[PDB]
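Trainee: In their complex positions, the first chains:
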Amino acid sequence: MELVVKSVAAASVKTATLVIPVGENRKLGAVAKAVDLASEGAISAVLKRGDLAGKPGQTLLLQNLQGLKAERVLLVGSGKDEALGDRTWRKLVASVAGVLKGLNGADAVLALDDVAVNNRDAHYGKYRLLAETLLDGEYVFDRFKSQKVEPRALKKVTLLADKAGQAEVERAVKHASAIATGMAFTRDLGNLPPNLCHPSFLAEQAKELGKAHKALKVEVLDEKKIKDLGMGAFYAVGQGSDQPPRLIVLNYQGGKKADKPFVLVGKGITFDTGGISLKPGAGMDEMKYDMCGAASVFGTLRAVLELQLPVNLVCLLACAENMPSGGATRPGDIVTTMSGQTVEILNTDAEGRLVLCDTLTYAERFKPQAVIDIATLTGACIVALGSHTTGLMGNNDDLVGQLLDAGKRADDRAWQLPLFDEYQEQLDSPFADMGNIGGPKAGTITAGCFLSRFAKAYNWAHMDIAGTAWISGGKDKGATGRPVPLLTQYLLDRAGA
């Protein structure tokens, strides 16, 4: 789906479907009034009948009107004469996109310049959200349906703005396209079943990506190299599986050579059975989304690759399959981490932090200005912050402050949890430097505490996306692509773009 920006009058442009907003009590703003006049008052005449209340996202569809160049006109409600909230705005757009998806229209024109969005500027912010909701809402994962699905009609959507703001709208389109494309890659990887989507499969994907872009080199470290580096924790996790582990390094050099890089570390547990500390059966299929941390890294890279952003970015994907078997790790195993700290593995289902901890030690060789790890780490985060808000912790306030502020602008929000010292004692072990679990209280936090012990060489934040990376049921069961919008926004901020 192509998305473009033009500065012509709404009435003038030839199209399968023209879309304009209507407020409560039949209130037409400037753009919409011009279309009414140009349609010889056909639009205000139908509105007099009361079928459209004007509530945000409500629609009434018209078919072609004399004096117009549009085959169809779609009236969408924009609510009272007030700024819309983010959420309300996005729902208005998806509701539009929803009527268009069911039309035999090859193209559509959105003439929604009169809608104001709250705390959002009228050209960039407004449309960043519209463009992202629209392109992300075309996402289809029909690849394992043996009935090849009916190919859609819609291929082109044009956005109309005034001349003055056109450049700013195009900047929003460019960015949202980048993010939208990164989210599709993320969602594809997340939705892919674990029999096909294993670490080696992920290794192959990184290599292919590396063969497609000039500024990106990829290096894959296998099971033996993981072990040889002294990554005892990473190795312990993966050893129980017939599919061996991979540590994938995706190095994009887009800034100056002396620029200290940004490092993204993503948990890539391609399936999580719990291991010997086996999970219950119910809903275990959703554990294919335990590599969504690694998937959000792929997607963020794919968007920056698209934007050719001027930064150095090193991606590290810690990938393993957590399986039970005759050679799997046992509860009670003590291993030596790459850092030289010893860890008693009291629960083999707290394995994300184990692969992550050696990878964080590994990230030191890059001398980063920031290291962010992204993981579907804890059940406790879902209890804490539910489905809507990413868990965020770090050893540097300004860095967490930056990530927080990026989420607010992307509309992909995080929320900070504290790493107080009182929480550290929960990881105490009678025998090793630390245990890998802190018990049933403060589960998101003690996981954060565990990781922080390995992130002391640099500025570091940690993102628990256990709640935000997929949807468990209903129609829209699947990966969401979060937090690609946040991380991409944070990198955009860093790039001054």
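Mentor: That came through, no problem. Numbers count the residues shown, from 1 in each chain, chains lettered A, B, ... in the order given.
Trainee: the strands in the stretch 251-400 of chain A, which residues?
Mentor: A:262-272, A:312-322, A:333-336, A:342-345, A:370-375, A:390-394 (DSSP state E, counting those that start in this stretch).
Trainee: could I get those as JSON lines with distance to residue A:157 and mean neighbour count?
Mentor: The way it works is simple: take the backbone N, C-alpha and C, and place the C-beta from them, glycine included. Formatted as JSON lines, the entries for the strands of the stretch 251-400 of chain A read as follows, by distance: least, Cβ to Cβ, whole Å; neighbours: other Cβ atoms under 10 Å:
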{"stretch": "strand A:262-272", "distance to residue A:157": "31", "mean neighbour count": "28"}
{"stretch": "strand A:312-322", "distance to residue A:157": "30", "mean neighbour count": "27"}
{"stretch": "strand A:333-336", "distance to residue A:157": "53", "mean neighbour count": "18"}
{"stretch": "strand A:342-345", "distance to residue A:157": "51", "mean neighbour count": "22"}
{"stretch": "strand A:370-375", "distance to residue A:157": "31", "mean neighbour count": "28"}
{"stretch": "strand A:390-394", "distance to residue A:157": "29", "mean neighbour count": "25"}
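Trainee: a markdown table please, covering these and showing distance to residue A:233.
Mentor: Conversion of the strands of the stretch 251-400 of chain A to a markdown table gives the following (distance: least, Cβ to Cβ, whole Å):
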| stretch | distance to residue A:233 |
| --- | --- |
| strand A:262-272 | 13 |
| strand A:312-322 | 10 |
| strand A:333-336 | 5 |
| strand A:342-345 | 6 |
| strand A:370-375 | 14 |
| strand A:390-394 | 20 |
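Trainee: Ok, which of those strands comes nearest residue A:80?
Mentor: Evaluated over the strands of the stretch 251-400 of chain A, closeness to residue A:80 peaks at strand A:390-394, with 31.7 Å, by Cβ to Cβ.
Trainee: quick check, distance from the closest one to the centre of its chain.
Mentor: 15 Å (Cα atoms, centre = their mean, to the nearest Å).
Trainee: what's in contact with that strand?
Mentor: Contacting residues not belonging to strand A:390-394 are listed as A:377-378, A:381, A:384-385, A:400, A:403-404, A:407, A:412-419, A:444-445, A:448, A:452, A:459-468, A:482-483, A:486 [Cβ atoms under 8 Å, 6 or more residues apart in numbering].
Trainee: Please flag which of the residues you listed sit within helices.
Mentor: In helices, judged by DSSP state H, the following of those are found: A:381, A:384-385, A:400, A:403-404, A:407, A:444-445, A:448, A:452, A:486.
Trainee: Let's add chain B too:
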Amino acid sequence: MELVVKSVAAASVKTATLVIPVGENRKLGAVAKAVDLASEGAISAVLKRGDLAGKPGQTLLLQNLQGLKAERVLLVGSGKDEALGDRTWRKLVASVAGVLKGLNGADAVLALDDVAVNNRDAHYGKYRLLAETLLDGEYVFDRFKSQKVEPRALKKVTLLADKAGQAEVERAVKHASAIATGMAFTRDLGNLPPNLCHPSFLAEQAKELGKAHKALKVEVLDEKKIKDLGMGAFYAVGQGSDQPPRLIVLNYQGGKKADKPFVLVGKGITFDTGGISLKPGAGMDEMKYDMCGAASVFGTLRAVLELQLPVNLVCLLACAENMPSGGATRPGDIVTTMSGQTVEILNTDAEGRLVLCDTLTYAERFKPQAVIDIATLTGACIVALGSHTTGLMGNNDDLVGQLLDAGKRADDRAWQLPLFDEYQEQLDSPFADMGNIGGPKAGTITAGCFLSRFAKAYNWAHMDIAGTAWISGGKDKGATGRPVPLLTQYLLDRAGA
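Mentor: Adding chain B to the chains above:
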């Protein structure tokens, strides 16, 4: 224990025990060094033998040394030569108090001026913490023992500071004694068993308190009156018990006539079986702690009275006993709250938000500038923040910040959780305006959202103390008195005292 401040020389005072700090270097600050000189290096001489490494809270006790008028000299470790964190400083004080209580001295002097506590001034803050830990450490709940403890010898403690800081150390003792006195009261009500501590009992407690204080008037609304004001949620909660519910009003007029009051609302569920949604048996004895919200309001009120703070403070205590029986509330019951909103009671074990929502409506009549509800509300908060940090939510950023700030200075921390709108819809009911539960995701937060719907009329905040109000096991098992220090400190800030 009686607490006084003096500014005379440590070497000089007549006392059973003189306490001085000693660092890891086997270092001595000014005071300990003066004490050593007055004993011609006898203290340095013992340290040379090396039994005391001076880690925070390690102790070496000595008897009569020549030069000194102190019968005993207690040496306490202060650690690595730094300013101490709060926790460490408090553990130092507790170790001292531990040793002191096990001696037959009627009396002790603390000569601790040399110790620095990180980011706290040497006279007010430093001593607010010391004085609180020492006095709160005196607490004994031995009322149900046949073999009662036979009183400790220690009945007075003198703190030494220099002439100049004396007024400030003294204000710290004043406030600290009020707080420690409020906490003892809160802890007694908490620890009391639920066959003795029921809603009528707490009513009686509150009447006595009314009679004893001139500036305080107490009103007790019984079950019939609760029913008549149309409090459908509150009544539904208490109806299954033989012990009827009470709504207790303690109105303290300490400010001017038309100073807008502060309102504290306490959850006073004196026992929580869960009701028809019965809780499992294990650990249920701890549900006598489900009235720790109300208990912490009593305690803060006591502290305020002792301090004669110039503010109007209205305390509303929402008291019921949650019992299964032939007339108890069913899951699926629909009740009409005092606000007029209807609630479907899907789970009878989410009863605290039910007594609280009617009380929040009741708080509107006092025209408050801040309403703060305190409640042992959700096991989810324990999952979120564990035992160290109180959860905090509200409808007003400045009030929330004020409470956060008060926690930091009181060493009784809270931490904010968001009340985003997307959580709201987890309470939707096909039948009533809302349900009382939102599923297993973001439980602490959804309980806050439930509550915000009854606080739209004023500045409001909510503290979930399920994880900070008591200790589950060990010889430490019992009420902690949190959050009396934060609440008190906030009110002091509001009085500017």
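Trainee: Show me what from the stretch 251-400 of chain A comes close to chain B.
Mentor: On the criterion Cβ under 8 Å from any Cβ of the partner chain, chain B has as its neighbours in the stretch 251-400 of chain A the residues A:380, A:382-389.
Trainee: between those residues, which is nearest residue A:236?
Mentor: Of all these, the one sitting nearest residue A:236 is residue A:380; the distance, using Cβ to Cβ, is 22.3 Å.
Trainee: Can you pull the domain assignment for chain A?
Mentor: Listed by curated CATH domains, the domain ranges of chain A are A:1-161, A:178-496.
Trainee: Now do the helices in chain A.
Mentor: Going by DSSP H, chain A shows helices at A:30-38, A:42-47, A:86-101, A:124-136, A:166-191, A:199-210, A:223-228, A:232-238, A:292-307, A:352-362, A:379-385, A:397-410, A:443-452, A:484-495.
Trainee: so residue A:275 makes contact with residue A:321?
Mentor: No: with contacts defined as Cβ atoms under 8 Å, residue A:275 does not count as touching residue A:321, sitting 9.9 Å away.
Trainee: of all the residues of the stretch 251-400 of chain A next to chain B, which two lie farthest apart?
Mentor: Taking Cβ to Cβ as the measure, those have their most distant pair in A:380 and A:388, spaced 16.1 Å apart.
Trainee: what sits against the nearest residue to residue A:349 once chain neighbours are set aside?
Mentor: Leaving out its chain neighbours, the residue that sits closest to residue A:349 by Cβ to Cβ, 6 or more residues apart in numbering or on different chains is residue A:274, at 3.8 Å. Under the criterion of Cβ atoms under 8 Å, 6 or more residues apart in numbering or on different chains, the neighbours of residue A:274 are A:322, A:324, A:348-349.
Trainee: who's in contact with residue A:223?
Mentor: By Cβ under 8 Å, 6+ apart, the neighbours of residue A:223 are A:235, A:238, A:244-245.
Trainee: Please apply the same query to residue A:242.
Mentor: Counting by Cβ under 8 Å, 6+ apart, residue A:242 touches A:323, A:325.
Trainee: Ramachandran coordinates for it?
Mentor: In this entry, residue A:242 is assigned phi and psi values of phi -70, psi -20 (degrees, to the nearest 10).
Trainee: Check the gap between it and residue A:327 for me.
Mentor: With distances taken as Cβ to Cβ, to the nearest Å, residue A:242 is found 10 Å from residue A:327.
Trainee: Name the nearest residue to whichever residue of the stretch 101-250 of chain A sits closest to chain B, sequence neighbours excluded.
Mentor: For the stretch 101-250 of chain A, the nearest residue to chain B under the criterion Cβ to the nearest Cβ is residue A:118, separated by 12.4 Å. Excluding its sequence neighbours, the residue lying closest to residue A:118 (Cβ to Cβ, 6+ apart) is residue A:83, at 4.1 Å.
Trainee: here's chain C, add it to the model above:
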Amino acid sequence: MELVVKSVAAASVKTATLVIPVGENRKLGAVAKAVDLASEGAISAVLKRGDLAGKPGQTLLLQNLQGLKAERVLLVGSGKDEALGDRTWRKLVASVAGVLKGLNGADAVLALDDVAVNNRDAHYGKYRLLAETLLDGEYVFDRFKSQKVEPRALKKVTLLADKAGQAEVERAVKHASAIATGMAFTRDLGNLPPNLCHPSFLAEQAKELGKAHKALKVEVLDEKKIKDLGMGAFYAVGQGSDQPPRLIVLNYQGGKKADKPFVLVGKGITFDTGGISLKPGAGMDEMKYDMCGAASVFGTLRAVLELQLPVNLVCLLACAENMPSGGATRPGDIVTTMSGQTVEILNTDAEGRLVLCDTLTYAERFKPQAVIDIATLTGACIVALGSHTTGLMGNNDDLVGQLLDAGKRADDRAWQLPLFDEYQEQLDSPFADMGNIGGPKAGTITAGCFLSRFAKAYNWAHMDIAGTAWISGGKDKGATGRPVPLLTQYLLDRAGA
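Mentor: One more piece, chain C, placed on the ones above:
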């Protein structure tokens, strides 16, 4: 630590710390009084102030006193003037040791002659417990710790008795040293994590032990040898794992060629996941303790080796790792045991009885006079007898009675449970000769009943140490040395030592 015995006067000896007892009521026995009198009433003067009440294990530390040759004097409470229970006596000792271990002195003198121990000799039995408690208290397992505790200052302890008592206190110290040394070996083996401590590791340890001792021949039977001897039940347990089973034979000829040997059989399940009948995750790490039967025999052997007792001793260690996999035993498998009896494995988590049954058959070839198996066999036993007392069953009343008495004199107690015939029907199988479980009733007993069917050719006894072999939680969590004291004492009894 080195322990010596002297018969000199308490006051007359030069030490870093002299330890003497003080009664409840300020009371001093003879030895305490001579110290007091030599220090010319210093001690008594101090006592008069009332700091030390004299409850058992209470202490008061003094520093250097005119008239004595000790740098420090440690007073320890000894309670009411009666003879102490074992438990109170061992606590007093452990308090003393905890104090001495934080002091910077090279040695200590224990002058505790005046303390009586209920039902024990003032020379041998009293000091067996003292010397063991103090030597076993020295235990540290810190090999997986990056930051270690630097070696203690305390290296030597002297015990003062009167000359008529000396030879017997020395005999107590010597039996207790061997015991403690065996316990340390046992605790090391138990605490080692299962990734390191597997059947092949234990085999290597036995071979090393057989190299260090001329009187010991070791022999190691691997997986295929276990299979070829017809050990269908032993083999089924181990087949699931990447780590193969080992049956370890350690032969100590200390008696005449024609003395019937004593046989000790150890359950050595190095990790127990339950297998296909998989255990829950919670506290599974503790199952590294499932080789504590084997560990306790290793450690009894070391003690027997240290003491050179003149007996024939054969140790048989039945070692396997119980793991789930594509080749693991299934519930419902029927195997043929070495005895020719067939067993239906109805639950794979009842595996210890399976390795042991085959091994009991193997024990026959040595023509033993007694066969004692030692196993962490059943959760039922912890429900039956707690942490304090080992379960004991057998087919001979004299053997059982001998083990019971041994446990009493050693203060490592057991308790007999009945093997009534009525219980044997619980093991009936409609297909095989017997199933390996008999259900929710009499669970420790039916395991006993099970094993007795393989022990008919000799006098036999079975010890279920599931509750006495390790401590679950807190900072004492770890293997205990039990039952090394009982087993060693039983053999001392047999040897007439």
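Trainee: Please re-evaluate the contacts of strand A:390-394 in the presence of chain C.
Mentor: Taking Cβ under 8 Å, 6+ apart as the rule, strand A:390-394 contacts A:377-378, A:381, A:384-385, A:400, A:403-404, A:407, A:412-419, A:444-445, A:448, A:452, A:459-468, A:482-483, A:486.
Trainee: cool, stretch A:326-334 as well?
Mentor: Applying Cβ under 8 Å, 6+ apart, the contact partners of stretch A:326-334 are A:236-237, A:239-241, A:275-277, A:342-348, A:431-432, C:144, C:193-196, C:240-242, C:271, C:273, C:281, C:284-288, C:323-328.
Trainee: and these, which are buried?
Mentor: The neighbour count (16 or more other Cβ atoms under 10 Å in any protein chain shown) marks A:236-237, A:239-241, A:275-277, A:342-348, A:431-432, C:144, C:193-195, C:240-241, C:271, C:273, C:281, C:284-288, C:323-325, C:328 as buried among the contacts of stretch A:326-334.
Trainee: what about stretch A:370-389, near chain C?
Mentor: No: Stretch A:370-389 does not reach chain C (Cβ under 8 Å from any Cβ); its nearest approach is 12.8 Å.
Trainee: residues in the stretch 151-300 of chain A within reach of chain C, list them.
Mentor: Residues of the stretch 151-300 of chain A found near chain C (Cβ under 8 Å from any Cβ) are A:236, A:274, A:276-278.
Trainee: Can you tell me which of those comes closest to residue C:38?
Mentor: Distances from those to residue C:38 were compared by Cβ to Cβ; the smallest belongs to residue A:236, at 61.7 Å.
Trainee: show me what contacts that closest one?
Mentor: By Cβ under 8 Å, 6+ apart, the residues touching residue A:236 are A:329, A:333, A:335, A:345, A:354, C:195.
Trainee: Identify the residue spatially nearest to the first one, adjacent ones excluded.
Mentor: This points to residue A:329. Ranked by Cβ to Cβ, 6+ apart and with sequence neighbours excluded, the top spatial neighbour of residue A:329 is residue A:236, at 4.5 Å.
Trainee: give me every residue that touches the residue nearest to residue A:372 when sequence neighbours are not counted.
Mentor: For residue A:372, ignoring the flanking residues on the chain, the nearest one in space by Cβ to Cβ, 6+ apart is residue A:461 at 4.9 Å. Contacts of residue A:461 were listed using Cβ under 8 Å, 6+ apart, and they are A:370-373, A:392-396, A:399-400, A:403.
Trainee: Look up the residues forming beta bridges with residue A:461.
Mentor: Beta-bridge pairing of residue A:461 under DSSP bridges involves residue A:372, residue A:394.
Trainee: Go ahead and flag the most central residue of chain A.
Mentor: With distances taken as Cα atoms, centre = their mean, the residue of chain A nearest its centroid is residue A:482 (2.3 Å).
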